[PDB]
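Letters go in sequence order (proteins before strands), and every chain restarts at 1. Note: hydrogens, waters and symmetry copies are ignored here, and every other heavy atom, side chains too, is used.
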Number of protein chains: 4
Amino acid sequence: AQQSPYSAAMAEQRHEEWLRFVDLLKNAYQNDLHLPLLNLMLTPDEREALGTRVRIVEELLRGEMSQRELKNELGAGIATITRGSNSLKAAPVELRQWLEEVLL
Amino acid sequence: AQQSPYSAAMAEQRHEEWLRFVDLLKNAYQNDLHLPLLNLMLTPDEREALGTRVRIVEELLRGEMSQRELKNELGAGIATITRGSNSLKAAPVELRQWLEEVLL
Amino acid sequence: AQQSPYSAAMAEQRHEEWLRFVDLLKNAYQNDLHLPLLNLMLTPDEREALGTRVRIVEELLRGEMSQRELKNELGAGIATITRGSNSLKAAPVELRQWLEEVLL
Amino acid sequence: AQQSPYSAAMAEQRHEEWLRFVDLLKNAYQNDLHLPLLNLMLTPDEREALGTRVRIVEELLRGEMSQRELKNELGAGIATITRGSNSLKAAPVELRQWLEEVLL
DNA sequence: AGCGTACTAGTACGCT
DNA sequence: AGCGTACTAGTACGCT
Ligand SMILES: N[C@@H](Cc1c[nH]c2ccccc12)C(=O)O
Ligand SMILES: N[C@@H](Cc1c[nH]c2ccccc12)C(=O)O
Ligand SMILES: N[C@@H](Cc1c[nH]c2ccccc12)C(=O)O
Ligand SMILES: N[C@@H](Cc1c[nH]c2ccccc12)C(=O)O
């Protein structure tokens, strides 16, 4: 939400800035300053939502439990598992297969 | 927005789920799959908000422009600059001083 | 609003000046002069904002009403409840659990 | 600032709530939870402003330096010393004289 | 359906 | 005079 422009016009300024973040975080990891950087850059709520999403993504690829079970284990809405499910469908083959290795 | 509990109870699990994210992303960067991973894990809006926060944090450390100017440059609400400002106050000395190197 | 520095520089002096306040107020309570001391030391507006914050913090721990409700009851902006909410998230376990005793 | 009503009407709700704070802090001091309580209740900026005010009040009573000097030592505006000066004028005799003991 | 929370809008006010 | 920041207004959006 950033006053939703859907405008091809400047959805561009708010991407090169995102890449600047991606790069800075990159250095942070290398200097071991990623944790405080992520504490500075994300809110507590964002960090938690992210915790849940990795579990969802992991378990989905794992496929050892129905989505209804996953939702119970995590205390999540089913909508949130579907978001992971559809996103995963769109992820590149490379990413999906690398995830099934590290995450499994 | 996950049933806000402040609950000493399990803010640890979701916290441990969050650390699982931190580690995975760590690997992603190392394997050069961070970009799609972050495209899979965050929504377009989160990516953008993050772009703006790096700018805010950078310009605040830089301290060459008032916050009223920063707000006009970024098209942000003053409240968002204050969140960065207060957060920065809370950041570790280590982090603030490294940011002022890479980010300046 | 005192020349926001984040400056490792002297955030200790002003911090040590702040601790001088904490100790003086301590004495005030013990001698029953806290009320005028607090009338001397804070402005009318700070006292009032503080009244609203205790309510927010109390009601959030209590967790019996939604934040939309809290906001109407108190005539506050939602942003002010979120500040309380996030602040509470960061409070030590000792504090949150004692608050839930005296404040509930 | 709380949308400035000057209205004798409800400047009252936003006083009994303030007394609730004064009382809660009281307990906090007794149980040694005043520090985290004050970290939860005040913003960083409020704590710092408070450090400066105690110094101002102490030094004014002390009267060993002109106000122009005080201002330099503290890096304060002269307006801020005048607020202290005028407030001190209005403080009860009891308070002023107790201050001159503990603070001097 | 409801709820928590980050955000752009634009104020007041304590400070230097 | 200028500046930092807490606030009421009311949005969007991720969540359960
Ligand atoms: N940790 C910050 C995250 C944040 C939100 N908005 C920001 C703007 C700038 C920098 C950081 C932030 C917070 O919880 O408030
Ligand atoms: N890219 C995903 C991000 C996401 C949101 N919720 C999720 C839950 C699980 C995994 C990913 C997500 C999206 O925009 O929808
Ligand atoms: N420490 C809190 C102080 C605060 C501001 N607004 C609040 C509302 C409720 C409770 C605490 C607060 C902060 O800096 O944000
Ligand atoms: N009661 C004082 C609070 C105050 C503001 N600035 C100060 C400076 C010094 C001492 C007290 C103060 C007032 O409303 O003005």
Side-chain angles (χ1 to χ4, degrees), chain A residues 1-5 14 42-46 48-50 52-53 56 71-72 74-84, chain B residues 1-6 14 42-46 48-50 52-53 60 63 65-72 74-86 89, chain C residues 1-6 42-46 48-50 52-53 60 63 65-72 74-86 89, chain D residues 1-5 42-46 48-50 52-53 56 71-72 74-84:
Chain A
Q2 303 188 198
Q3 152 97 192
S4 45
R14 16 233 321 178
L42 300 178
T43 71
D45 204 81
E46 294 172 327
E48 296 171 7
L50 282 163
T52 296
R53 308 179 186 166
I56 284 171
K71 131 202 178 176
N72 273 293
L74 286 40
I78 190 75
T80 306
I81 273 85
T82 302
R83 282 191 86 143
Chain B
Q2 285 123 238
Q3 180 58 206
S4 67
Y6 318 130
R14 287 194 140 149
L42 300 177
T43 73
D45 216 72
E46 294 175 327
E48 289 175 19
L50 279 165
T52 294
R53 306 179 185 166
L60 285 180
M65 49 176 80
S66 66
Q67 286 177 9
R68 226 74 112 254
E69 297 181 48
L70 222 204
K71 141 202 162 181
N72 270 278
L74 283 45
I78 194 78
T80 307
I81 274 84
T82 300
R83 283 191 86 143
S85 181
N86 285 335
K89 288 176 201 163
Chain C
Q2 286 124 237
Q3 183 60 202
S4 57
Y6 318 134
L42 301 174
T43 73
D45 217 69
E46 297 173 328
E48 288 176 17
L50 281 165
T52 292
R53 303 184 185 164
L60 285 177
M65 44 177 88
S66 71
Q67 288 177 9
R68 225 71 112 255
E69 294 184 50
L70 225 200
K71 142 198 163 184
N72 270 278
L74 283 43
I78 195 74
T80 308
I81 275 82
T82 301
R83 283 192 87 142
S85 182
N86 283 341
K89 287 180 202 158
Chain D
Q2 303 188 198
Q3 152 96 192
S4 45
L42 301 175
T43 68
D45 206 79
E46 296 174 330
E48 296 169 12
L50 284 159
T52 296
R53 304 184 184 164
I56 281 172
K71 137 199 174 181
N72 272 299
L74 283 44
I78 192 75
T80 308
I81 276 83
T82 305
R83 282 192 85 141

Original post:
Which of these nucleotides, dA9(E), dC15(E), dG4(F), is closest to any side-chain atom of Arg83(D)?
Top reply: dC15(E)

Original post:
NA contact type, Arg14(A), heavy-atom cut-off 4.0 Å: base, sugar-phosphate, or nothing?
Top reply: nothing

**OP:** Answer with base, sugar-phosphate or nothing: what part of the nucleic acid does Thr80(D) contact at a heavy-atom distance below 4.0 Å?
**Re:** base

**OP:** Measure from CD on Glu46(C) to P on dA12(E) and round the result to the nearest Å.
**Re:** 17 Å

**OP:** For the residue pair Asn86(B) and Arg83(C), establish whether any side-chain heavy-atom pair is separated by less than 4.5 Å.
**Re:** yes

Original post:
Reckon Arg68(B) touches a base, only the sugar-phosphate, or nothing at all at heavy-atom distances under 4.0 Å?
Top reply: base

Original post:
Touch check for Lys89(C), heavy atoms < 4.0 angstrom, all strands: base, sugar-phosphate only, or nothing?
Top reply: sugar-phosphate

**OP:** Could you pick out which residue, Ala79(C) or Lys71(B), lies toward the 5' side of DNA chain E when each is mapped onto its nearest nucleotide?
**Re:** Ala79(C)

**OP:** Indicate, with a heavy-atom threshold strictly under 4.0 Å, whether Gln3(C) touches base, sugar-phosphate, or nothing.
**Re:** nothing

Subject >> Below 4.0 Å: OP1/OP2 of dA6(E) and any side-chain N or O of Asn86(C) >> reply: yes

Original post:
Which atom names give the shortest non-hydrogen contact between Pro44(A) and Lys89(C), and what distance separates them?
Top reply: CB-CD, 3.9 Å

Original post:
Under 4.0 Å: is that the gap between some side-chain N or O of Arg53(C) and OP1 or OP2 of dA6(F)?
Top reply: no

Subject >> Where the sugar of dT5(F) falls when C1'-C2'-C3'-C4' decides north versus south >> reply: south

**OP:** Give DNA chain E the dot-bracket treatment, 5' to 3': Watson-Crick (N1-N3 with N6-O4 or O6-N4) or G-U (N1-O2, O6-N3) under 3.5 Å, [ ] crossing, | other strand.
**Re:** ||||||||||||||||

Original post:
Within the structure shown, what part of the strands sits under 4.0 Å from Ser4(B) by heavy-atom distance: base, sugar-phosphate, or nothing?
Top reply: sugar-phosphate

Original post:
Is the shortest side-chain N/O distance from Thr43(A) to OP1 or OP2 of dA6(E) below 4.0 Å?
Top reply: yes

Original post:
What does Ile78(B) touch in the nucleic acid at a heavy-atom separation under 4.0 angstrom: a base, only the sugar-phosphate, or nothing?
Top reply: base

Original post:
Does any donor atom in the side chain of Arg14(A) or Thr52(B) lie under 3.5 Å from an acceptor atom in the other side chain?
Top reply: no

Original post:
Reckon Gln67(C) has a side-chain N or O less than 4.0 Å from the OP1 or OP2 of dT5(E)?
Top reply: yes

